[PDB]
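A.B. asks: Fold the stuff below for me.
(2 chains)
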Amino acid sequence: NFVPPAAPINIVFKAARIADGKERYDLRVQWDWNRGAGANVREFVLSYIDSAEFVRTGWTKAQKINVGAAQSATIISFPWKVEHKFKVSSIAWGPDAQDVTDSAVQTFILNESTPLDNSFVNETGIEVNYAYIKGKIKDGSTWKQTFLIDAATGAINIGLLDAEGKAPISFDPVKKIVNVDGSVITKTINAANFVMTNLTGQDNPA
Amino acid sequence: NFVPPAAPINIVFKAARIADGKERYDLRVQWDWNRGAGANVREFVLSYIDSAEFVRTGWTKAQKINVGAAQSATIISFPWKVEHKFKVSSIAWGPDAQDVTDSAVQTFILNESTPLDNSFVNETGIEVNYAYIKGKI
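C.D. replies: Numbering: from 1, shown residues only, chains lettered A, B, ... in the order given. Here you go:
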């Protein structure tokens, strides 16, 4: 009396933004499977592949993981900004052999829109992020930050800040400028360091 | 009429090079299990341990993950340049209890040789890599 079951339905996605640091993005897959026809489904198998990889080859060499009876499995470190094709399989089991009915393809990608359960922002002093890699020193209610690199404006920052948006040896290759100051030890030069420029007339070489 | 099954064979490895950034190396395990003797195998269990850890202690405290009926499970963030001993178990199931037949050990490590399905190079401006950490615009 074995009869093939029906595929899962009501596929729903969600994710937890990060881990402690490194911006490890966690992707969870949830779905609902109904009852009333076919056989009592046994377990599942979650298979998915890269969006740009499906076009070249279809559902072969794809990413696959085992699933529990809870109808929801999770990928703990999901790639960021690279889409993916997600399919969930309702593998059955019969006395002699089995047979599988799959759900319809459903592609999704996590972005800055609608994460949840995101309470893994635990400052550690070296906060590596997909949007910036930086180093800061925690203190009181003053998150004093020293090192920074931002993948939004190429800003490279070092040392505590006193300027409105700059620090003594911070940098900005955008609208390029090499900004530094002070030298405790100086026993050498190679060129004069004599002229003054950035104003041909009103920065008098001196 | 329960009879122990046969171990999986034709073990084959492969990997996807990276994720978006951070060079998260993804390792997939694929194998083929045949039919004709013993019982109808039920599911599997993929167990593996560090190369330098097996010598000190054997197949205890080893890394183990559940497996599906597809005969292929994947490790999404595999250590780089540190070898590993991989074994796949064909766990059976009988009316009173079960019994497992394992495949032969097969160690492998991902390196700069022969990755595939590697289309996760998505520039983000802070490209952290095992070979370099850099920031570009």
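
A.B. asks: burial of residue A:136, as a residue count?
C.D. replies: 16 (other CB atoms under 10 Å in any protein chain shown). C-beta here means a position set from N, CA and C on the backbone, and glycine is covered the same way.

A.B. asks: quick one, strands of chain A?
C.D. replies: Counting by DSSP state E, residue ranges of the strands within chain A are A:9-16, A:26-32, A:44-50, A:63-67, A:72-75, A:84-91, A:100-102, A:106-107, A:126-128, A:132-136, A:145-150, A:156-157.

A.B. asks: Serialize those to a markdown table and add fields for distance to chain B.
C.D. replies: Rendered in a markdown table, the data for these read as follows (distance: least, CB to the nearest CB, whole Å):
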| stretch | distance to chain B |
| --- | --- |
| strand A:9-16 | 14 |
| strand A:26-32 | 10 |
| strand A:44-50 | 4 |
| strand A:63-67 | 4 |
| strand A:72-75 | 7 |
| strand A:84-91 | 5 |
| strand A:100-102 | 8 |
| strand A:106-107 | 15 |
| strand A:126-128 | 7 |
| strand A:132-136 | 5 |
| strand A:145-150 | 4 |
| strand A:156-157 | 7 |
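
A.B. asks: Tabulate these (TSV), appending distance to residue B:1.
C.D. replies: Listed next are the strands of chain A as TSV, based on distance: least, CB to CB, whole Å:
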stretch	distance to residue B:1
strand A:9-16	38
strand A:26-32	36
strand A:44-50	28
strand A:63-67	28
strand A:72-75	34
strand A:84-91	24
strand A:100-102	26
strand A:106-107	42
strand A:126-128	57
strand A:132-136	61
strand A:145-150	66
strand A:156-157	71
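
A.B. asks: so which of the ones you listed gets nearest residue B:28?
C.D. replies: Taking CB to CB as the criterion, strand A:63-67 is the member of the strands of chain A that comes nearest to residue B:28, at 7.3 Å.

A.B. asks: Return the residues in contact with residue A:179.
C.D. replies: Residue A:179 makes contacts with A:166, A:168-172, as judged by CB atoms under 8 Å, 6 or more residues apart in numbering or on different chains.

A.B. asks: redo that, cut-off 7 Å
C.D. replies: A:169-171 (CB atoms under 7 Å, 6 or more residues apart in numbering or on different chains).

A.B. asks: Need the buried ones from the residues you listed selected in PyMOL.
C.D. replies: Buried residues within those, by 16 or more other CB atoms under 10 Å in any protein chain shown, are selected in PyMOL with:
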select buried, chain A and resi 170+171
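
A.B. asks: Who's the closest spatial neighbour of the spatially most central residue of chain A, skipping the chain neighbours?
C.D. replies: Nearest to the mean C-alpha position of chain A, counting by CA atoms, centre = their mean, stands residue A:80 at 4.3 Å. If you skip the residues right next to it in sequence, residue A:80 has residue B:20 as its closest partner in space, 4.1 Å away by CB to CB, 6 or more residues apart in numbering or on different chains.
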